[PDB]
Every structure is written in C-alpha cells, then in structure tokens.
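Asker: Using UniProt numbering, the letters of the sequence shown correspond one by one to residues 42 to 404, 437 to 672, 850 to 888, 917 to 1172, 1209 to 1441. Handing you this structure, nothing more for now.
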Amino acid sequence: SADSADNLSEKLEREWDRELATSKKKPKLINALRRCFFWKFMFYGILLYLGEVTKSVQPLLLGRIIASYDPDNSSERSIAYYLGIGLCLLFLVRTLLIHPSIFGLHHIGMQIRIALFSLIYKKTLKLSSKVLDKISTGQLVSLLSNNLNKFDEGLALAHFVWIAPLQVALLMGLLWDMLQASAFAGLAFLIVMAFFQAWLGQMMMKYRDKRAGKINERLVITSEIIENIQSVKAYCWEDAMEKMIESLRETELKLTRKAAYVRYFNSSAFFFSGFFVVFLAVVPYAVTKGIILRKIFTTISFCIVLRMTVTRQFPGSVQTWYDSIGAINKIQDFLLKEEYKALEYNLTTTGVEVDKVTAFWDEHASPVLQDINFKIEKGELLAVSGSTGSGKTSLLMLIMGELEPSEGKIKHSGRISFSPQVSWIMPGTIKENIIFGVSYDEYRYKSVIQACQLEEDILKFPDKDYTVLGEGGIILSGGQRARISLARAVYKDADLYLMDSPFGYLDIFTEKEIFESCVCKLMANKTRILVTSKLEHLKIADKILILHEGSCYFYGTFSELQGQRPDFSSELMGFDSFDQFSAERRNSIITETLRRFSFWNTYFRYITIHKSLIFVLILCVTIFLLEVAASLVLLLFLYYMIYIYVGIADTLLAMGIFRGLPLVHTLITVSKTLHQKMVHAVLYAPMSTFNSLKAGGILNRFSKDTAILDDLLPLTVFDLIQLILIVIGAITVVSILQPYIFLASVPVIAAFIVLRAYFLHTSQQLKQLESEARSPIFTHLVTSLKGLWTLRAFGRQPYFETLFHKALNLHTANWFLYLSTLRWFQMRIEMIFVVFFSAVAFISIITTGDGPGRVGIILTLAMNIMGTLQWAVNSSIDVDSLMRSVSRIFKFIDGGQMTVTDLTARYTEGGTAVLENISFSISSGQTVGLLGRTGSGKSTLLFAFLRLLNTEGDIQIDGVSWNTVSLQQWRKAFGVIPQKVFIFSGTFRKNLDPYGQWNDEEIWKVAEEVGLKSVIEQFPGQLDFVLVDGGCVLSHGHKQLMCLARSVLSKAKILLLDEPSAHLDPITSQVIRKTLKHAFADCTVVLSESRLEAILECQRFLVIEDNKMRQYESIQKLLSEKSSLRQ
Ligand SMILES: Nc1ncnc2c1ncn2[C@@H]1O[C@H](COP(=O)(O)OP(=O)(O)OP(=O)(O)O)[C@@H](O)[C@H]1O
Ligand SMILES: Nc1ncnc2c1ncn2[C@@H]1O[C@H](COP(=O)(O)OP(=O)(O)OP(=O)(O)O)[C@@H](O)[C@H]1O
C-alpha cells in the first residue's frame, strides 16, 4: 500500500470497478475492500497474537522461580538467577513486538479511510439530478464525518475477535487442579459480568443518540445569540434570552444525568469483578488441602489475565467490528444510486432542435412539460419568459441533458456554457474564478471583464486580481457575485450559451449596459438563450417563447404572439413601462396576467427520599449477578460454606458502591453551574473586552468547553479514583516488604514526569493542526456541491479532483504527525517501565529471600503492575487537558431635545478614537438625520448612545446625563433598527414578545398597525408559527416591520433608522415611512441615510466626516456647505 490519496484511490477503484462491472446481481463493496485489507491486516494480527500470548506464559515462569526458594530439592541459585533474566526478557520482548504492530494497524485504518473518501467524492459528482433532491443534505455530511474519528481506531481491536478464544481456551486449559472445577466458578463469574456490561453499554448508546439531537438545537440558539449581542443589549431583552438557553440546557441535562449513572455503574462493576475473580480463585485452597504458595501465586496471576481478556479485550472488538460493518453497508447503499447520464457530443448540427419533447422530474409528477418544440439556427437569439414554476429553468436542464425526455428528442451542437440563477461562490482567487479552468489570455480577459463592467468593483479590491474571495462571500454583494458568474460563463468559449436570470438583481442602468455590451456585442453570432422578464428583449429576439402551467403558451415570432394570443400580449403591454419595474414586480405582473388567462415514577420519588431503598437496589443487583453465574455453573450438567463466604463478599461490595453515589450527583450539578455562569458573564459583559475573540473563540470555547466538561469530568474522575487507590496499596506493600524497592523507584517516577511535560507541550500544539487542516475539507466539499451544475457544464471535474486530493494530503500529513509523536512517546514510557521491572525483580532475587513467600509476593506484584500503569499514563494526559480547559473558562468569569455635549468614543481605551468632541442637538419630535461616507463610523454614534463604546462627554436623555442612568433605561429610550436585522428563531409570539407581556389581541393590533397582519396570517399557525434560519421566509422589509412593532410595543421615544434604503426597494420603503410617521407621531425620528433624496424629509442634519461634524438647520445650508465640502 501507498501513503497518498492518488495511489490509494487507484487500488480501491480497480477492485471496486472490477467487481461492480462483474454484475453478479449485487456486487459488494465489502469484497472489494477485503481484497485490499487482508494481506496487511493479517500480519499485524498475527504479530499481536504472538505478543499477547506472552502474558499467558509469564506466570508459569514465576511458579518455577518461587519453587526455587523452597526448602525442597536444592538452593539452585543459578537457576533462580537465570529464570529471573528470562522473565524480564519476556516483558521486553512483548513490548518490542506489540507496539509496532499496533502502530501498523492504525496506519491501515488511515489508508482505508482515505480511499473510501475519494471514492465517495467521485460518486457525488456523478449523481442523477432526480435523486439529488431526495437525499437529505445532512446525510452526506454525516456520511463522511460520522466515522471520521472512529473507523481508523477501530481496527486496533479487530483481530481480538479472533485472538480472544485462543487465549481463553489456553488459560482454561492451563488450569492446575482442573477437575475441581474452580474453572467454572471463575468463568461463570466473568461470563456473567461480560453480558451485564454488554447490556449496560447498549443503554449508553440509546442516551447518546437522543442527547445529540438536543445538543444541536442548543448550539443553534447559542450561535444566534452570540453573533447578535448588540441587539440583545439594545432591546434590553437580556434575561429572557438567558431563560431560552436554560430550557435547552435543562433538557440536555435530564438525559445526561441518566447517561452519567450508566457510566458510574460501568466503572464500579469493573472494580467489583476484579475482587471476585481473585476471591473465587482462592476458594479451592481454603476448601480442604490448604495453601500452597507455589500454586496460589501462580493462580492469581492467571486469574488476572483472564479477567482482562474476557471482559475488555473481547467485547471491545465485537462492538467495533459490528459497527464498522454497518458503516460500510451505508456507504455501499450510497454508491449504488442512479447516475448522471453523460451527454453524447456530435457534429450533427449547428443549431438546437427539440422534437415533441414531453418530460418530467419524477414519478407521481404532474409538472410534466408537454409538447416542447424548437428549431433554432446557429447564431439566433431565443428569449424565454413565463409563469414562475412553469419550467422557466427546467427547460435548460433538458437542454443540457440533466433531465431526460420521457418522449421525443433533443439535438444540440457542441459544448454549452451555463450561468445558473444562483451564483457559485468558488472560494479562491477572483481572477481565477473569472477564467476558471481555462488559459489566461489578456486579450479575451480584458475584453470580457471590461464588457461585463467588472473593473468598476474589482479594481477596488486590495490585491486586485489576486484578491481572494473567502467563505461567506465577504468581498462581493449578490449582484456582484452574479456579475462574476456572467463573466465566467462568457469567458468560456462555447457553441451555446445559457443565461439563467441574467438581470442579476442589478440596477436597471447597468442591466441595460450589460445586455447590449454582452448579449448583443460580446456574444455576437453565438447561439444564445436568455431567461427574461423584459418585453424589449422579446422584441429583439428571433424566437419568442412563453410558458405557463407546464405547457407552451406561445412559441414563434414576436408579431405572431401578438396575432395569436393578443389578449395575453395586450395585458402585458398595459404595463408598458417595464424597465421601471424590478424583476420582482415584473414577475408578479406576468404571474397574474398569465394565471388570469388560464386557458418507575412513584418509586423514583421514593428512591430519592429513602436512601435505604437505594441501598437495597444496589444489593439486589449484586445478588442477581451471582445467581446468574450459578446458572452458568450448571453448564456442568452435560458447599454451604462457600455459599456463606460469597454472600459476605457481596454485602461488603454493595456498601462500597453505595458510598460513592453523591459523586455523580455532584458532577452533574457542577457542570450545570459553570455553563450557566459563563452565559451570564458574557451577556452582562463590557463592550470592547469581547473584541479579544471577535466571536471566534467565543463560539468555539463556549461550545467545546461545555462539551468536554460533560463527557470527561464524570468519566476521568472515576478512573483516577480507582487508579489512585491501587497505586497507594502497591507502593505501601512493597515499601514495607523491602525498603530497597522504594529507594530504586524514586528516580523512576522522576523520569516519567519530565518526559511527560515535554511531550504534552508539543503534542498539545500539534493538536491545533487537526482543526486547521480539517475545516477546509468540508468547505471544499460544500463548494463543489453547490457548483455541481457548472462543474459538469465546463468539464472541470479533474480539476476539482486534484484540488480535493491536495486537501486530503494536507490533512493526513498533520494527522499522521500527531499520531507518530504519540506512539513514540508511549514506546519510551514502556521501556522505562520495563527497566525498573528488571531491577526490582533482581532486588528480590539477590537479597536473602529465606522466607520465600516474601519473594513471591514481590515478584507477582511487580509482574502484574503494568496494566494499571498504562491507564495511569493516559489518565494523566486527560487531566492536563481538562485543567487547561478550566482555565480557558475561568478567564471569562474569575430629554426630548436630545443633548449631546463634547461626546468622544473608541473601540478600546488604547486603539483609535472613532468619534471625538462632537456636540449635537435634536429638537423634540424633529425629524433629523445623518449624512456621511460608508465606513465613517455612522454606527458608532448609535452605539455611543446605546453605551456600547469606550466614551467621554455628556449626553442628556430623559432629562438626565447617561452618567447617572444605568444601561437598561438609558438604552430603553432608544428603538433602533440596524441595517443588519436580528431575527430570533422560534415562535412569532416570542420573537415579537420574548417576555410574554403583550396579549394576542394587542399583538394583532400592532401587526395591523405596522402592515404585518397579512404576513402573519399567511404563515400557518399565525402567532404559533415558527420562524427559522434567521427569517429565511421573510422579506427584509418585514424584518424591519417586526422591529418596528417591537419599538412601538416597547414605547420607545427615540427611533433610529440605519439606512433602511440600503436594502429595501422604494416600493416598500415609502410604505414603512408612512407607517412609522403615523406610529411615531409623538416621537423623534433619527435617520441615517446614504442619499440626499432620502435625507431630504428631515429638518435638521448631522454631516459627519473625519471624527468631526457640521450641524445644519436646513437642507439648503447643508447643500451649500456639502457642495463646498463634497469630498
Ligand atoms: N430536480 C428537480 N426535481 C423536481 N422538481 C424540480 C427540480 N428542479 C426544480 N424543480 C421544481 O419543478 C419546477 C421546475 O421548473 P423550473 O426549475 O424551470 O422553475 P422556475 O420557474 O425556473 O423556478 P424559480 O424561478 O421559482 O426558481 C419548479 O417549479 C421547481 O419548484
Ligand atoms: N467595534 C468596532 N471595532 C472595530 N472596527 C469597527 C467596529 N465597529 C465597526 N467597525 C469598522 O469601522 C467602521 C465603522 O463604521 P460603521 O460601522 O458606521 O460602518 P457602515 O458604513 O455602517 O458599514 P457596513 O455597510 O459594512 O454595515 C467600518 O468601516 C467597520 O469595518
């Protein structure tokens, strides 16, 4: 196997394609995979087997070593000496064999994961357009992310399904004094514990899945709040929002608490089993014959080995192996989906023809396009219009071959260049998007970008052609994104060009220029099809097509339309001034014209009350498990004293469990408190201070830190308690038996501490790389999915495959480095442990072990100490991560006439002053407003009033200085509607009234007053309707009206309007102006405008530049000074 994506893919593709091609009904992915996997997997598997079997040998060697100190036979010093050497070598050898093999298995898991991802990516790009709208988008994201961190670890235990029975059979077969079947008492106990644990684990999974759903809901509300803190504070909404967080948190905790107990008992059960395998193991020796130390010591070491292979190594592989298989099956189901059918290019024609085409998207469809017919000559212009939904763009999908006809033929000449309704961001270099996938030629490039009028905006970009367009499209406005899409479609040389919604939400001035610049001249003599709403284009076009309800309304010459459907034509022409209508209005006009011319609980409470019931229930489980083991003992089918002693052990263990329950209760309580305090602290936080993270670390730390406290503190703490108790005992005993061991062990612990510290520093830094390399794999994926229509149209598939592989190689390189440093670290740790072991074995061998039982116990304690020690190393690592998280969390928590005198503001106490020494007056009830350049800090005046800035000077509102008024009422006076309107997700009643203070009747009254009554009636449920995704179903004008309704219900006196005109079309902007003037007849309205035409309705003006301002009492004085100062 290879170490890179390209090679890994070739091999997987060859086997997959060969089997898939060999069409034996249902070819399987699993077979393609075993043919890759098996020849490496099996080798690491056998090496691990050989490594593990060492544990089944070591106790035998000790029994003989112990015997050498017996008074029996002879004091063969030389044998004790050499056997001791052999024992320490067994430790060294398995260390040297096992770790490399584990590493190799992880290497394999990684290689397979990469091969699987590349296969899936290739498949998504070839999917049929029909199934494309049935496959939930969340499923493809989870298809790749769900096993991202599981698949590659899982192979580590896979060969244990195979090893486990070999070691169980051996250890069983090695039992000394086998017929007195202590073997069954032993196994019956362990077997029962294993099934108990399996069941418990299943319950754990049930809780994880349900909790995950609730987590996503909490996270969504959380980020919604974080990115809009200014509106929450401005609204003085505050604690209502805090309560929304609380209800989501409470829901998660109820589920978490139950999950926590599952984890608690799992761990205490583990402890319990330790005690009993040892206890039961000595029942033979108490029962008749008595004790033989030679055999007792040997017996216990073997018992320990069975416990671990039986209860942990085996079931871990079973669960892992099973889940891995299910994941593969899901991948296969995805791969076996209908394909995009390739278009056959030919030299049949020069034009475009459609022969009686009838077609539809899916079964059960009524949207069947009927009897579609075309004959377009080379170089002709086709203009198409019609009702929304009557195959306005679905026609294009037939043209490009995305949708097959059910009947009829489609003929085309050559290659097609397509520009979709919705622009594809293509994150990356802007020049490259314009000329993407093709050679750069300044002749053509300049001609296209100039003709498309891109220079007007692109030359303002900081790196010009090399300005990179990042995620979110932070560089371009929607009309600009559209403009680039056109330039891209045009730059590509094609025989046929398809323009989807080319008007681009652009200003009519540029719309005209682009049509003539591009449609007429740049595209001259090309075969063109335009989607359009403008009658002028139809007049110009050689062929006119109008669609309605799945069929042709009209197809032919412009004058033929008028002669054959004159009523349709006359109704449209009544709106003669179509250039004055925005696309939205043009669409409404045709839609109407065209449709008009149709042609447990009782006891749970008692369990909480009576702790004696809890004790009994704990004891009941213990009793039950021992009785079940008895059922397994009866396997022999094909004493009172023992009964008494085991009964005693059960009672003692039950009390031990009972004592620790308050810890679970305490743990849930603590994480709840921390989450709640952090939220409170962020809401009632100073402004500017949060700008240290700028919402990045705020969201990431808030989300991640809570998650780790909940999953790890309740887990790692119990392991630490058990490990701590074990080491205390181990050291105490050897220190007493032989003080030289202590002398020897002190430097050993010192060695481990130093290496650990160095390691963690570096590995913690490397961990950052996984996130850095991981994020872009998904950004790449999403971008490719949205761009699918053009990736196929322009033949760019291999370009993107190349990019995808480079991203994978980056990720794997960092992932791999992280893995490698960890493995090296663990190897070093184990070797240090191996060395002190040898030294200890010899301290005991060398000294006067004339009372041999003391020799025996030192040797077995040392031999079996390594299991606990490996856990201890890992637990210390987790602890350091937890403490670092705790610190990160802790860092956050441990006047009608408005009179402004000498006001000054900054974004920090250092930084820069965004405003200095401004004085300004607003007469009560006066309409006033602001003028200034974009980015002149317009919003910093509003924020200065809302007290969101580091500030100086005297502002008198509601008769008093801000200096004597707390933020809530100072801000309460101000009803502000920002350009970026905040929409709270949820029920409209709460969105409008998060406090529940207004009645439904009152809410409706205001909805009527502000013009939103029809809007709320339209949404099903009305007040109960749930609004989602930032108001993805609302006009931004509606969002502004919702804000208005809030301002009037809130009884604000100062109304602040942040350029409504920035986004709202005048057809509605005037409606809101009328509406608010009536609503605010007794209030003072302050407007911040971008144009003189809007500011014009104000009586007093504030003109701001360079952190200074000029106050005018008349628009004329403003204009006289503005002309002099128009700079
Ligand atoms: N792949 C698809 N499978 C099924 N239905 C589809 C698919 N793509 C689009 N549609 C739907 O079926 C119709 C297809 O027609 P088309 O895409 O031409 O509509 P349009 O008038 O261009 O749409 P709009 O302007 O609302 O975006 C639409 O009304 C749309 O809701
Ligand atoms: N708290 C802040 N800290 C740092 N920079 C800020 C802060 N608030 C805004 N800015 C920036 O400084 C300028 C402030 O001007 P303001 O926020 O009034 O701009 P605008 O013209 O309303 O901007 P837009 O059209 O992007 O909404 C902007 O150019 C913006 O990038």
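All residues carry an ideal CB built from backbone N, CA and C; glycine is no exception.
(1) To which residues does DSSP link residue 686 through a beta bridge?
(2) Hey, is the stretch 542 to 559 in contact with the stretch 576 to 585, meaning 3+ C-beta pairs nearer than 8 Å?
(3) Return the CA-CA distance between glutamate 56 and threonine 872, expressed in angstroms with no decimal places.
(4) Taking all protein chains shown into account, do 16 or more other C-beta atoms lie within 10 angstroms of the C-beta of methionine 1212, making it buried, or fewer, making it exposed?
(5) Please classify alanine 456 as buried or exposed, where buried requires at least 16 neighbouring CB atoms within 10 angstroms.
(6) Go through its chain and collect everything with a Cβ distance to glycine 1345's Cβ below 7 Å, but skip five positions before and after it.
(7) In terms of residues, what are the limits of the alpha helix (DSSP H) holding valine 1279?
(8) Find out if the Cβ-Cβ distance for the pair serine 1237, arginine 1424 is shorter than 8 Å.
(9) Between which two residues does the alpha helix (DSSP H) carrying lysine 950 extend?
(10) Hey, out of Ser590, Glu291 and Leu377, whose CA is closest to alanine 62's CA?
(11) Starting from the N-terminal side, write out each stretch of the alpha helix (DSSP H) that is 4 residues or longer and does not extend beyond the stretch 58 to 121.
(12) If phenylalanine 447 and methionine 473 are in contact, beta carbons under 8 Å, what's the gap, nearest whole angstrom?
(13) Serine 1235 bridges to which residues according to DSSP?
(14) Please say whether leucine 1262 and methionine 596 have beta carbons closer to each other than 8 Å?
(15) What residue range is occupied by the uninterrupted beta strand (DSSP E) comprising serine 492?
(16) Let me check understanding here. Comparing Cα to Cα, which of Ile337, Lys1367, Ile1271 and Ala383 lies closest to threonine 1241?
(17) Would you mind sorting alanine 562 into buried or exposed? The rule is 16 or more other CB atoms within 10 Å of its CB.
(18) Alpha carbons only, please: which of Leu1433, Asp1372 and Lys1422 is nearest the one belonging to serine 1404?
(19) With distances taken between CB atoms, is the gap from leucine 952 to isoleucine 1167 smaller than 8 Å?
(20) Heavy atom of ligand 1 less than 7 Å from the Cβ of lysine 171, yes or no?
(21) Just tell me which of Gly545, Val948, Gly464 and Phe936 has its CA closest to the CA of residue 775.
(22) Would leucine 1406 be called buried (16 or more neighbouring beta carbons within 10 Å of its own) or exposed?
(23) Cβ of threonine 466 within 7 Å of any heavy atom in ligand 1?
(24) Tell me the DSSP secondary structure of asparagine 446 in three-state form.
(25) Output the distance between the C-alpha atoms of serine 186 and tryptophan 362, rounded to the nearest integer angstrom.
(26) Quick check on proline 940: buried or exposed, where buried means 16 or more other Cβ atoms within 10 Å of its Cβ?
(27) What first and last residue would you give for the alpha helix (DSSP H) that runs through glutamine 360?
(28) Please return the same chain residues whose Cβ sits closer than 7 Å to the Cβ of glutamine 152, not counting the five positions on each side in sequence.
(29) Which whole-angstrom value is the C-beta distance of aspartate 988 and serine 949, which I expect to be below 8 Å?
(30) Just to confirm, is the Cβ distance from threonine 165 to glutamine 238 under 8 Å?
(31) Going by other Cβ atoms of all chains shown within 10 Å of its Cβ, with 16 needed for buried, is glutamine 99 buried or exposed?
(32) Does the Cβ-Cβ distance between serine 1402 and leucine 1244 come in under 8 Å?
(33) Classify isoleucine 1171: buried if its beta carbon has 16 or more other beta carbons within 10 angstroms, exposed otherwise.
(34) Roughly how many angstroms separate the alpha carbons of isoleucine 1123 and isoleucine 1004, rounded to a whole number?
(35) With distance defined between alpha-carbon atoms, name the residue in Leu1256, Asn1277 and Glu1316 nearest to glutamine 1293.
(36) Using the beta-carbon count (16 or more within 10 Å), is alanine 156 buried or exposed?
Answerer: In short:
(1) The model contains no atoms for residue 686, which sits in the stretch where the chain goes from 672 to 850 directly.
(2) yes
(3) 53 Å
(4) buried
(5) buried
(6) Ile1297 and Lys1353
(7) Run containing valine 1279: none; DSSP gives neither H nor E here.
(8) no
(9) 940 to 961
(10) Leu377
(11) 70 to 93 and 99 to 108
(12) Actually they do not touch by this definition, with Cβ atoms about 14 Å apart.
(13) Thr1213
(14) no
(15) 489 to 492
(16) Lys1367
(17) buried
(18) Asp1372
(19) yes
(20) yes
(21) Between 672 and 850 the numbering of the chain has a gap, and residue 775 falls inside it, with no coordinates.
(22) exposed
(23) yes
(24) strand
(25) 19 Å
(26) exposed
(27) 355 to 376
(28) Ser42 and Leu49
(29) 5 Å
(30) no
(31) buried
(32) yes
(33) exposed
(34) 24 Å
(35) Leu1256
(36) buried
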